[PDB]
Amino acid sequence: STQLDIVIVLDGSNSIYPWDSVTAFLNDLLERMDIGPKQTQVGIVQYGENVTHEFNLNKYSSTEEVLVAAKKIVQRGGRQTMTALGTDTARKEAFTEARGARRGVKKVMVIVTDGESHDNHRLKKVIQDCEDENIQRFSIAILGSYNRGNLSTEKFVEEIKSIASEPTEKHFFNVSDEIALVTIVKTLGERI
Amino acid sequence: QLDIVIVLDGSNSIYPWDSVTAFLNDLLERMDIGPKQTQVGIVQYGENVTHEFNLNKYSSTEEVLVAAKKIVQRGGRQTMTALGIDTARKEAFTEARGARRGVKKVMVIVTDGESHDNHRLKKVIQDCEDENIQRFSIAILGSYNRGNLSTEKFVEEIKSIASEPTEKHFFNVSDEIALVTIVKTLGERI
Ligand SMILES: [Mg+2]
Ligand SMILES: [Mg+2]
């Protein structure tokens with residue numbers, strides 16, 4: 001039966017606004033989980049230019065504690081968007097026994113971003129490494145800032161889709177804007 | 001809490017071998033291996049039997065995984081399943097090779113053909129029953145189907161090796177490349 005190690009990878013770019021929309025997403029997604037050492041564990045990493053572990057997989061042992069922490073996460077911002085670095089760091093550091101990962105438990109990564117990555121040339125390798133380590137990946141593309149800035153989103157969407165596990169349609173979410181993020185909580189939760 | 005001995009048919013008809021090592025990797029990487037947790041030993045048989053490694057040879061999952069990938073196919077024409085199972089019972093499951101007193105013994109048998117020492121199965125299996133060894137048996141029908149051979153008799157033989165209820169302990173795998181698909185389910189039942 002179930003058991004789950006979930007690491008949410010958050011793009012802290014300034015373009016994402018309002019930040020309340022992201023924390024609302026975290027709250028609504030996480031409150032529907034049974035969090036504990038013998039159940040689901042959640043770890044959160046935020047990236048911009050560099051990466052920060054907001055908290056490890058075994059930092060909190062109850063849904064209640066996680067919800068309190070999730071709300072405290074502040075937007076770190078950043079010039080460049082290093083999604084490959086964020087994902088790779090999550091694989092290499094977040095999903096390790098030292099930080100709480102559990103032997104034999106299913107691994108799930110949830111990536112939320114609102115732009116193409118400056119280190120997109122690393123994605124091919126980074127994604128394959130996650131795949132070899134059996135990390136199911138759900139990727140979320142927020143088209144808000146791009147649309148508000150009249151930027152074509154075609155390539156952006158293609159890039160974020162490439163991060164999602166197959167079948168893509170089930171692991172990739174095209175979110176029109178920040179305020180619409182909480183809208184996918186029900187579905188994402190049913191698929192994780 | 002578990003002493004697991006995997007008994008692998010090494011007969012040349014099984015192809016590609018990477019399919020068997022992929023199965024081992026995927027199955028073993030989900031276990032917590034150690035002298036205080038799960039222990040794994042592997043035996044490979046053909047016309048003869050070889051202990052790839054004893055139950056207490058390794059004390060961690062990572063070590064087991066590195067060793068598992070190194071296991072080479074030894075081949076053979078004769079499929080001495082009875083000998084393989086019997087050797088696992090009286091040799092692999094001994095305190096000398098790492099077996100822990102009081103821990104549950106689990107055997108996982110993987111083969112792609114009827115055994116040439118089939119006349120010994122009833123006796124060998126009964127001895128396993130007497131010693132309380134839970135048995136999971138996996139029949140790969142790859143070579144048989146490719147060779148257009150009937151599989152009814154083959155499947156019945158492998159089912160007879162599995163502990164009851166057969167539904168829980170026996171697995172019918174269409175071909176080598178499909179072996180990896182039972183890892184999840186097998187891992188949950190052990
Ligand atoms: Mg941005
Ligand atoms: Mg054979």
Side-chain angles (χ1 to χ4, degrees), chain A residues 9-19 21-22 25 46-51 74-87 111-120 139-153 155-157 159-160 163 175-178 181, chain B residues 7-17 19-20 23 44-49 73-85 109-118 137-151 153-155 157-158 161 172-176 179:
Chain A
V9 181
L10 304 178
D11 174 346
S13 176
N14 295 296
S15 65
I16 296 179
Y17 186 79
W19 189 245
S21 286
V22 174
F25 164 72
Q46 183 178 345
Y47 72 89
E49 353 51 51
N50 47 64
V51 192
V74 310
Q75 180 168 31
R76 291 172 186 280
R79 5 63 191 230
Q80 282 188 292
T81 301
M82 306 297 262
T83 297
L85 172 70
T87 293
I111 306 82
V112 184
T113 181
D114 81 328
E116 303 168 85
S117 53
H118 292 75
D119 64 2
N120 58 16
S139 62
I140 298 161
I142 299 174
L143 310 201
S145 64
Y146 265 52
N147 289 327
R148 293 195 290 278
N150 300 298
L151 293 182
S152 173
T153 56
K155 289 186 173 180
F156 173 40
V157 169
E159 182 177 300
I160 308 313
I163 291 171
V175 179
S176 66
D177 58 276
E178 294 90 323
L181 194 60
Chain B
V7 186
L8 305 174
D9 182 335
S11 96
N12 297 299
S13 60
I14 290 176
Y15 185 82
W17 191 244
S19 287
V20 178
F23 167 74
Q44 178 173 358
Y45 72 93
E47 299 178 0
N48 304 305
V49 183
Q73 182 168 33
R74 293 169 186 281
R77 313 172 298 82
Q78 310 162 190
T79 300
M80 301 305 95
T81 306
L83 173 65
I85 294 178
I109 304 84
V110 191
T111 179
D112 79 343
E114 294 163 291
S115 60
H116 298 75
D117 56 5
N118 179 286
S137 61
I138 297 154
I140 298 170
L141 313 199
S143 66
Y144 268 49
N145 288 160
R146 282 177 229 127
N148 285 297
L149 298 168
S150 66
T151 56
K153 178 186 168 189
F154 171 39
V155 162
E157 175 177 306
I158 308 314
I161 290 173
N172 182 324
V173 184
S174 58
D175 53 293
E176 293 88 330
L179 194 64

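Note that these values count all heavy atoms, side chains included, but never hydrogens, waters or copies made by symmetry. Note that ligands are numbered from 1 as they come in the structure, with each ligand's atoms numbered from 1 the same way. Note on naming: letters A, B, ... go to the chains in the order of the sequence lines (proteins, then strands), and numbering restarts at 1 for each one.
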Discussion item. Please determine whether A:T113 has a backbone or side-chain N, O or S atom lying under 2.8 Å from the Mg ion (ligand 1).
Written reply: no

(Q) Closer than 3.5 angstrom, by distance alone: can the side chain of A:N120 be matched with the main-chain N or O of A:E159 as a donor-acceptor pair? (A) no

**Request:** Decide yes or no for A:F156 and A:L151: does some side-chain heavy atom of the first lie under 4.5 Å from some side-chain heavy atom of the second?
**Result:** no

Checklist line | Backbone N/O of A:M82 and side chain of A:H118: donor-acceptor pair under 3.5 Å | finding: no

Discussion item. Can a side-chain donor-acceptor contact be found between B:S11 and B:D112 if the only test is distance below 3.5 angstrom?
Written reply: yes

query: Strictly by modelled atom types, are B:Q73 and B:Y15 linked by a side-chain donor-acceptor pair under 3.5 Å?
result: no

- Task: Flag B:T79 as yes if one of its N/O/S atoms falls below 2.8 Å of the Mg ion (ligand 2), otherwise no.
- Result: no

Looking at B:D112, the N/O/S atom that lies nearest to the Mg ion (ligand 2) is called OD1

- Message: Using a distance threshold of 2.8 Å, state whether an N, O or S atom of B:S143 lies below it from the Mg ion (ligand 2).
- Response: no

### Message
Suppose we only count N/O/S atoms under 2.8 Å; would B:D9 qualify as near the Mg ion (ligand 2)?
### Response
no

